[PDB]
Amino acid sequence: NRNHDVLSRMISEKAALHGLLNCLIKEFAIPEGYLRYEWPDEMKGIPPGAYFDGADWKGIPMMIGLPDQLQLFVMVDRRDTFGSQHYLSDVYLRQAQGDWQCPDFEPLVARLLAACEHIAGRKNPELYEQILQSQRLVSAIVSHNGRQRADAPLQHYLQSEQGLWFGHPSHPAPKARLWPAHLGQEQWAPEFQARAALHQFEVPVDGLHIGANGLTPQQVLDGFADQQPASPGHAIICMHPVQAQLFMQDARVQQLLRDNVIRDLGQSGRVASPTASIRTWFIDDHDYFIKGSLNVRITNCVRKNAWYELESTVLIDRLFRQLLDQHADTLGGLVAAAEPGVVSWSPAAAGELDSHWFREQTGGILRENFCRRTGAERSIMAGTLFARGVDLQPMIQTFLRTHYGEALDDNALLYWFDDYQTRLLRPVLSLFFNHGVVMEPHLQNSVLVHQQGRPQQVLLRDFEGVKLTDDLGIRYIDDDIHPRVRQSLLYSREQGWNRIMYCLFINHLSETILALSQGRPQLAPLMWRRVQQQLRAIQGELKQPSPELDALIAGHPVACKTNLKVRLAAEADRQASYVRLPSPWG
Amino acid sequence: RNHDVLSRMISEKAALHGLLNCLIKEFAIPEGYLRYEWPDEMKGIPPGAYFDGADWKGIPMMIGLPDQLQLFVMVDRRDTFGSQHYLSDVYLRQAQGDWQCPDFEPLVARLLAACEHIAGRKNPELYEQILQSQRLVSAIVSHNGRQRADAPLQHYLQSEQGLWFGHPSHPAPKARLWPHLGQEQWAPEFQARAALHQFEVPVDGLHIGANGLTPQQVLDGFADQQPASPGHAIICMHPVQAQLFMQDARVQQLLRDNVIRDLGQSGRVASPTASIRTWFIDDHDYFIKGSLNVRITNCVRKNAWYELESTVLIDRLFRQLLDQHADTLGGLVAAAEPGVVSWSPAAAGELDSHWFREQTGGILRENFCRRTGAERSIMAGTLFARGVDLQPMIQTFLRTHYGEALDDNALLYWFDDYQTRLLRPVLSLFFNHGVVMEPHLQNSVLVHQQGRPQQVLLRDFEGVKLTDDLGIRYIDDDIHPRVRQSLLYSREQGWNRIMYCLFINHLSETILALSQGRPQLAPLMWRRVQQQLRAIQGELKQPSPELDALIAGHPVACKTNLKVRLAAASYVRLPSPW
Ligand SMILES: Nc1ncnc2c1ncn2[C@@H]1O[C@H](COP(=O)(O)OP(=O)(O)OP(=O)(O)O)[C@@H](O)[C@H]1O
Ligand SMILES: Nc1ncnc2c1ncn2[C@@H]1O[C@H](COP(=O)(O)OP(=O)(O)OP(=O)(O)O)[C@@H](O)[C@H]1O
Ligand SMILES: NCCNC(=O)C[C@](O)(CC(=O)O)C(=O)O
Ligand SMILES: [Mg+2]
Ligand SMILES: [Mg+2]
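Quick mapping for you: the protein sequence lines, in order, are chains A and B. Reminder that position 553 of the first sequence reads as 555 in the entry's author numbering, one-by-one numbering, no gaps. According to the entry's author numbering, the residues represented by the second sequence are 4 to 182, 184 to 572, 578 to 587, in order.
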């Protein structure tokens, strides 16, 4: 206590800062050539213990020269073309002709953001308050969770969803969840092991829109809510309780409640636990996750399911089922969580705009609870797998050492990594080049299934992000689908490849390698070399041309989605959503 | 980036740690200026100084100094003797200011001023001695960066050459002011070798002490006597002392008149040891110790006539005690000093005669490596020192010998064996015989068998004193009063030196070195000291009230090196570890 409060705070500040640094380095410093691995000519202001341990340098100096004559100095464990490194010192800043200084968290955040706002020519004070608000939540999170082993999040599936203490490791405000403050934060936060009874409404069956593959409409309904309380001619639907509050602000909803067309049944649904995506709920031993709309910003978008996404979910689920059934030999060993049921409600007499609004508000998706198959103690969300614990150390190190009974030598780490990366790259690249199916295989859409620590599967999830290429993938959907649903699913071959590149190498594998190679940066080139060899090998298996894979293998730059830059640039500035980072090889 | 900058930074950290040791032991602890507490206000202290990402980097230590000056540093342990590992840079704050981390020279200046204020006294040369000491350490680290950091522990002479940082609680451990002669040619830390300087002198001016050796054999131990003409002998000297010697008008006269002959650097090629003016020759029966008119740590390292005489008497006493009373000596291992030589003109007046004798003074020390083995014998100061990477060298030394990382019990058992072999002989000699050794780190040599402590050899008869109530009775009534005076300590003076040397200078450093990364082992080690003291007391043949009081947990005398140098040897008291 008290000492625990300062400590939790300092831990949250270091973690939040490291995420902000990640963004600065990946999105600005590297692509625009502001970064040098050099010592400042003058060090005044920087204390000897920042960079010298008594025998040797604490890693490699990193200097970033920014506008307004601002320079940043920090010590790092490695040079890395993707901006993946461990920071071995406090951040020092020097302004024009002043000395090096070490600012407190808020002033440091302010100055770094101001620098990026200068490069952008645009300020975003909302983002600034979100960075601070995210850090404050993380402080409460660390303070709440200082009880267990630092690697406890890796021991059970739900604990792995709950134990992403720090969130997206390269986002400026990973924990900012933008719903009315009076609704509270901790009540909804997997990081506080949140549980709640889902909110329920009773609605007339004539406004239901049910999508179902290998289930009856009634089984889809049952998957969300027990239908017993429903009167004849009605069904029960469920909703995030925050969403239900948002939903009921609307005049159209107020009118239906007043006219007794729908009934508000309160928080009377299944008691369930939010996962890391906040609006998807886990129930131990239920056949399904419940994914609902939440019309709120979390990281870089509003977490609502648009009507055409509710429609597209059904088609994509149907597609994956046919691919796994008839085309297993061109899917690279794909393991994916199905999304067999979708529900939404709108009043039957509603015009199109109101119908669409109602369907987005009430939209729900059933995802196969894979833990029934894979086992709760064998399944770990990959973001948490490659994350830092409450002690700010990669949790994977002790997880593996426990499972392997001993300290893993270089070979054991390389071998583990090889098993991990093949299971990720093969299904994704096979889907993309053979069938034009664009997954979004970032860390949160990926779940490691393991056997005594050893990788068996990388299960992939989230159909709502899945796209189909103009040249290959889009052929797989009917001619008679709504034009808007088609538009929703359609990506160019190039759009698809940019997303796959970022998700696979920068978001996912780069974090994999950084976590595994902590204390041993020399392993990173070797791991990336194994990736390059794996790509060459997958290319051999492919049934369709893969010129994109040629260029990547040949060392051409890799697309990197921005998380900070997008929030500074105009919404109309499409270019700011990506940058290019040098290849790990060449 | 450079090894030059790294070396400077290593030397500055070493030098500063040594200075903190003095501040904490000599001032902060006995005067109650020390608190293990966090400052209410941390502004200026960066997070990384005290916080590693998960926890605090040890324990905060605060010291309140004069004129509203405060010092902050993180340490690995609370320690009543002031023995801790420093885990952060030092931060200073004065008056209405923020915490600040000054460069080395500004830091030394501010800390020295504070100590000048607490002490009242000022030594104008000290500041420059501190800096010159740090600069030499920088050159030393720079030169010695190719070896395994624990190389100094592999061979006796390497242990003597490998005390890179010197006395660990001294403001200027490596301060040496040579008359245009260079540091490196005389520096053990640069593996220096030189032929000794030699003079042919007439035998009528010789003063030779000899025990178990003839006067001629003593002569032979210093120098091959073949080149000497009839009625003459060859003596040797430090080459630097030889140059200083010959700058004297009295000496130039004798040379001009051909009474003595300068034979140049024609003597034995030898290697200076850690003490600078004692030379080692592998394969020779003797070290050669000579006078040198240069200050090294606290003393100008020259030996006066009565000190030359007392060496002979002490050597004779140790032979008497071993011949007749070995069973009350506690397993004593000591390097004999069987020969002493000096020369002065036969005609000379007392004043001149004394000057010449001190100038030409020479002592033979038994080369114990002949019986203990060069690869088995390690000077204790180096054994418990930090290597060029500032890691305690004993950790890797022990690991290699035990074939594995030593667990807690292994360290504890090694320590127990070590401390018993130190404490027994020293306390037996003091209590049974009134003989006061000076068993500090440089006067002790571990003899080990595959790393297991066998004996702690003690040396340096010049340091040996005899108590007024017991030891001095071994001195015959026909001894010159000045020689008896040089030997005499009060029983209380004797005990304070023994206390300081055994527990604070020596075993505190032993424990600190062995227990890096494991501060919890310290009190356990200190508890074994206390148990061993009880055991030893039971063996004693004479009253030991002083030992009762020590076992009982009463304060321990600590010699003040910084104050000594500020003064240009008083004792403070430090709380018992038990
Ligand atoms: N490394 C990461 N990369 C991407 N998203 C991450 C990462 N770590 C945590 N997240 C979080 O996971 C969510 C990912 O968005 P995505 O659209 O893939 O999930 P969803 O559709 O909201 O939910 P589900 O995966 O349950 O369908 C976001 O809330 C994001 O903040
Ligand atoms: N921890 C230590 N305690 C005491 N002296 C030390 C220590 N470390 C290094 N020394 C050095 O060892 C010497 C100790 O002085 P002392 O008077 O015992 O030796 P000496 O008579 O000059 O030579 P010798 O020991 O060779 O006879 C000094 O040069 C001193 O700087
Ligand atoms: N006979 C006196 C000679 N003793 C020393 O010279 C030892 C010491 O005083 C150091 C010390 O005692 O800690 C020094 O100045 O290095
Ligand atoms: Mg997702
Ligand atoms: Mg000595």
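By construction, the Cβ of each residue, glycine as well, lies at the ideal position given by its N, Cα and C atoms.
Apply the 10 Å Cβ neighbour rule to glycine 365 of chain A and answer buried if 16 or more other Cβ atoms are within range, or exposed otherwise.
Burial is judged here by how many other beta carbons sit within 10 angstroms of a residue's own beta carbon; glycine 365 of chain A has at least 16 and is buried.
If you measure from the beta carbon of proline 50 of chain A to each beta carbon in chain B, is any gap under 8 Å?
Against chain B, the CB of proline 50 of chain A has a partner CB under 8 Å away; the residue lies at that interface.
Mind listing, in chain order, the continuous beta strand (DSSP E) runs of no fewer than 3 residues lying wholly within the region 321 to 355 of chain B?
Listed in chain order, they are 343 to 347.
Do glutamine 245 of chain B and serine 279 of chain B come within 8 Å of each other at the CB atom, strictly closer than that value?
Note that the C-beta distance between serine 279 of chain B and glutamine 245 of chain B is not below 8 Å.
Return helix, strand or coil for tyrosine 159 of chain B, following the three-state DSSP convention.
In the structure shown, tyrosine 159 of chain B sits in a helix (DSSP, three-state: H, G or I).
Could you check how far apart the C-beta atoms of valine 207 of chain A and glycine 235 of chain A are, in whole angstroms? I think they sit under 8 Å.
The beta carbons of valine 207 of chain A and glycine 235 of chain A sit about 6 Å from each other, so the pair counts as a contact at 8 Å.
Counting along the chain, where does the alpha helix (DSSP H) carrying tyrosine 36 of chain A start and finish?
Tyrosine 36 of chain A: not part of any alpha helix (DSSP H); DSSP gives it neither H nor E.
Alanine 112 of chain A at chain B interface by Cβ criterion, 8 Å:
Taking 8 Å as the threshold, the shortest C-beta distance from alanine 112 of chain A to chain B does not fall below it.
Rank A:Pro342, A:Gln328, A:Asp356 by C-alpha distance to the C-alpha of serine 348 of chain A and give the top, closest one.
For the residues A:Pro342, A:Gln328, A:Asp356, the minimum Cα distance to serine 348 of chain A belongs to A:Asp356.
When B:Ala274, B:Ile318, B:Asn24, B:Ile13 are compared against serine 490 of chain B, the one with the closest alpha-carbon
Checking every option, the nearest Cα to that of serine 490 of chain B belongs to B:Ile318.
What does a CB cutoff of less than 7 Å around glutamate 40 of chain A pick up in its chain, not counting 5 residues either side in sequence?
Contacts found: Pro63, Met65.
Inter-stretch contact (C-beta, 8 Å, three-pair minimum) for the region 418 to 432 of chain B and the region 444 to 461 of chain B:
Result yes; three or more Cβ-Cβ pairs closer than 8 Å.
Pair within 8 Å by beta-carbon distance, residue 2 of chain A and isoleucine 32 of chain A
Because chain A is modelled from 3 through 588, residue 2 of chain A falls outside the range shown and cannot be assessed.
Inter-residue Cα distance where the pair is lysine 293 of chain A and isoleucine 367 of chain A
Looking at the backbone, the Cα of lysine 293 of chain A and that of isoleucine 367 of chain A are separated by about 5 Å.
Is the beta carbon of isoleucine 483 of chain B less than 8 Å from the beta carbon of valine 345 of chain B?
Against a cut-off of 8 Å, the Cβ pair of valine 345 of chain B and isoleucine 483 of chain B comes out as no contact.
Are three or more beta carbon pairs between the region 143 to 159 of chain A and the region 266 to 274 of chain A nearer than 8 Å?
Cβ pair count under 8 Å is below three, so no.
By the criterion of Cβ-Cβ separation under 7 Å, what are the contact partners of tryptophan 41 of chain A in chain B?
Here the neighbours are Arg4.
Less than 7 Å between the CB of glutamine 135 of chain B and some heavy atom of ligand 5, yes or no?
Here the distance from the Cβ of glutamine 135 of chain B to the nearest heavy atom of ligand 5 is not below 7 Å.
Simplified DSSP state of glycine 213 of chain B, which is helix, strand or coil
Three-state result, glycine 213 of chain B: strand.
Check each residue of the region 50 to 67 of chain B: if its Cβ is closer than 8 Å to any Cβ of chain A, include it; give the result in chain order.
Answer in chain order: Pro50, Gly51, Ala52, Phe54, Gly56, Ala57, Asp58, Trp59.
Euclidean distance between Cα positions of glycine 353 of chain B and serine 233 of chain B:
Between the C-alpha atoms of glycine 353 of chain B and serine 233 of chain B there is a straight-line separation of about 26 Å.
Three-state secondary structure assigned by DSSP to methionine 503 of chain B
The answer is helix: DSSP assigns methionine 503 of chain B an H, G or I state.
Check whether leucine 433 of chain A and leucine 492 of chain A have beta carbons under 8 Å apart
For the 8 Å CB-CB criterion, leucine 433 of chain A and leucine 492 of chain A do not form a contact.
Using a Cβ-Cβ cut-off of 8 Å, state whether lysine 16 of chain B counts as contacting chain A.
The beta-carbon of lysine 16 of chain B is placed less than 8 Å from the nearest beta-carbon of chain A.
I want to verify the contact list: residues of chain A whose CB lies under 7 Å from the CB of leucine 74 of chain B, in sequence order.
When 7 Å is used as the limit between beta carbons, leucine 74 of chain B is near no residue of chain A, the shortest such separation being about 15 Å.
Can you name the residues of chain B whose CB is closer than 7 Å to the CB of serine 91 of chain A?
By Cβ distance, chain B contributes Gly51.
What residue does the alpha helix (DSSP H) around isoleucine 540 of chain B start on, and which one ends it?
Segment 525 to 543, the alpha helix (DSSP H) holding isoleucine 540 of chain B.
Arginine 532 of chain A to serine 381 of chain A, Cα distance in whole Å?
Their backbone Cα atoms lie some 25 Å apart in a straight line.
Three or more C-beta pairs under 8 Å: does that hold for the region 557 to 570 of chain A against the region 497 to 511 of chain A?
Yes: at least three Cβ pairs fall under 8 Å.
My output table needs one value for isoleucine 62 of chain A: the three-state DSSP class, helix, strand or coil.
The three-state secondary structure of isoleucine 62 of chain A, taken from DSSP, is strand.
Name the residue from B:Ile133, B:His405, B:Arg390, B:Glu44 whose alpha carbon lies nearest to the alpha carbon of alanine 98 of chain B.
Among B:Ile133, B:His405, B:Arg390, B:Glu44, the Cα nearest to that of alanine 98 of chain B is on B:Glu44.
Quick one: is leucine 22 of chain B near chain A, going by C-beta distance under 8 Å?
With 8 Å as the cut-off, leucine 22 of chain B does not count as an interface residue toward chain A.
Determine the contact status of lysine 46 of chain A and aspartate 101 of chain A, defining contact as a CB-CB distance below 8 Å.
By the CB criterion at 8 Å, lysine 46 of chain A and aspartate 101 of chain A fall inside the cutoff.
Using a 10 Å radius around the Cβ and a threshold of 16 neighbouring Cβ atoms, would you call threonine 218 of chain B buried or exposed?
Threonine 218 of chain B counts as exposed, since fewer than 16 other C-beta atoms from the protein chains shown sit within 10 angstroms of its C-beta.
For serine 585 of chain B, the nearest candidate out of B:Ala539, B:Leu511, B:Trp59, B:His184 (CA to CA):
Answer by Cα proximity: B:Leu511.
So that I know if they touch, is there some Cβ in chain B lying closer than 8 Å to that of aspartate 393 of chain A?
Taking Cβ atoms only, chain B reaches closer than 8 Å to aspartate 393 of chain A, which makes this a yes.
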